[PDB]
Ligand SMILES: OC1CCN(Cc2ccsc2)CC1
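Below sits a lone chain in structure tokens, taken as the form deposited without the ligand.
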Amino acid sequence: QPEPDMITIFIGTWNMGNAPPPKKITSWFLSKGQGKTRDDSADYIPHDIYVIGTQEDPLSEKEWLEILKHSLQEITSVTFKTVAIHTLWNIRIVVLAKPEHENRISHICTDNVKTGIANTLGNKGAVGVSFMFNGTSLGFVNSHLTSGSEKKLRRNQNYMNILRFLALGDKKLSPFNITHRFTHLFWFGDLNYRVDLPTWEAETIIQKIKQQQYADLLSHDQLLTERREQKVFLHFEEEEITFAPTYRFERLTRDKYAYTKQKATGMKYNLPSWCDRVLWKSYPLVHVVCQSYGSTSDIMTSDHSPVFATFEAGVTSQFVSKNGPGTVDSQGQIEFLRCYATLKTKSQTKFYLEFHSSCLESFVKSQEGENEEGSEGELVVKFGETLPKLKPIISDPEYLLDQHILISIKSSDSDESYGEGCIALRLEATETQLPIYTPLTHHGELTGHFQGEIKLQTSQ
């Protein structure tokens, strides 16, 4: 039975509004309703992995697991295995996989982050799951961010706390947050970003939704505008939105948006908004294709509609050679020529690099670079041809060209990372000097750039 080089992944996010679900929720897992929907001809074809995020979830883990497994068994006739389930308050993540994957999945991690302080600590935050699927690391974050049209900045702060403090994936990747630890990272939830239009325009917005004319509403969506201004979710993707706003509906129909201020809303308006979202970030030049992104029309127990997204995702096999794992493959090497970091920092410490990759036995520390002043104020850290030659565990090009090198630039004075990035080894050529580049981030904000040339030697 061959190992796969692709899988499909279902992502669901649903704020259940503290109500039990209706008896049938299969439309969610079939990617049927509004938006980019899945073809009927695929209905019996199971996804490899189903990841379900809920918010305001009133059910026990047992109760929800029984509903989810029943739903999938009815669709596919397959009894899915539970990979992980984790709940913080009423925020929950469930990961289910086809039984054939049980011995492909390992290194399962769960964690949560509580956002806010005092007043603002007690119901918002995130849960997450990570695991290895053969040679591929997968991370999944379900976040319920701060509510309210005039709290976009709080949401952005919630995002940065979650990506700093959520402890998933390989703890040896100590300079790296979740935005660099996984081949594929999916971040979804009730992100609570709103359509920023005047309250007086409520009926006009409703009119536009009835006409399926979303352009003038999406141009005011806070998540799109904050992402365009690099305030949040830097270097993440989102499929184009082609479904109606998923919030805030009257329960038991989808015919009415309930937007007017009420004591129950704290006298806040809830103009129709795309609160419920799926975003992703994959390492450079790894295959990832969104094959659906939409909302269900027939699940009406909540004031939110469920959102689905499905993905094709490239995966690699757990490679064994005669040499690695457990030694180097002298036939393989990675050289960095003429590299320099450009940093936004005002500080004047010396810097060194760390190279981390599962193609190395352990991470590699460079010598200090040479600091120069850039022409427009910047710090330029030059490494020249001083960088250590990296010795991968396996030299076979079918393995090595699918790998990635994480780079951290660290202060010699503090050993703290000033920037993290990632370089693909999916090169146009081997034994050839080729340009490389990554942006550098820290706490998920842009801090600089790393660029230079690479020369990769494989056994071919």
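Residue numbers run from 1 along the displayed sequence.
- Of the two stretches examined, 285-293 and 365-373, the record assigns the greater average C-alpha temperature factor to 365-373.
- Relative to one another, 117-125 and 220-228 have unequal mean CA B-factors, and 117-125 is the one with the higher figure.
- Listed residues 196, 238, 276, 74 were ranked by CA B-factor as deposited; 74 comes out on top.
- For the set 280, 249, 383, 159, the PDB entry assigns the largest Cα B-factor to 383.
- Sort the chain's modelled residues by C-alpha temperature factor and residue 27 lands in the lowest third, per the entry.
- Per the deposited record, the Cα B-factor of residue 391 falls in the highest third when ranked against the other modelled residues of its chain.
- Residue-level temperature factors show residue 58 in the middle third of its chain, judged at the C-alpha atom.
- In the PDB entry, a CA B factor belonging to the highest third of its chain's modelled residues is recorded for residue 329.
- Among all modelled residues in this chain, the alpha-carbon of residue 214 has a temperature factor (C-alpha) in the middle third.
What comes next is about the form solved in complex with the ligand, which does not appear here.
- Taking the partner from elsewhere, residue 268 is found to have every heavy atom lying beyond 4.5 Å of the ligand in the bound PDB entry.
- The ligand in the bound PDB entry is not approached by residue 125, whose heavy atoms all lie more than 4.5 angstroms from it.
- The closest non-hydrogen atom of residue 388 lies beyond 4.5 Å of the ligand in the bound PDB entry.
- Contact check for residue 256: every heavy atom lies farther than 4.5 Å from the ligand in the bound PDB entry.
- In summary, among the residues 272, 294, 332, 369, the only one with a non-hydrogen atom within 4.5 Å of the ligand in the bound PDB entry is 369.
- In summary, among the residues 311, 188, 383, 249, the only one with a non-hydrogen atom within 4.5 Å of the ligand in the bound PDB entry is 383.
- Residues placing heavy atoms within 4.5 Å of the ligand in the bound PDB entry fall in a single listed stretch, namely 224-232, out of 257-265, 303-311, 224-232, 203-211.
- Heavy atoms closer than or equal to 4.5 Å to the ligand in the bound PDB entry belong, across 229-245, to the residues 236, 237, ordered by sequence position.
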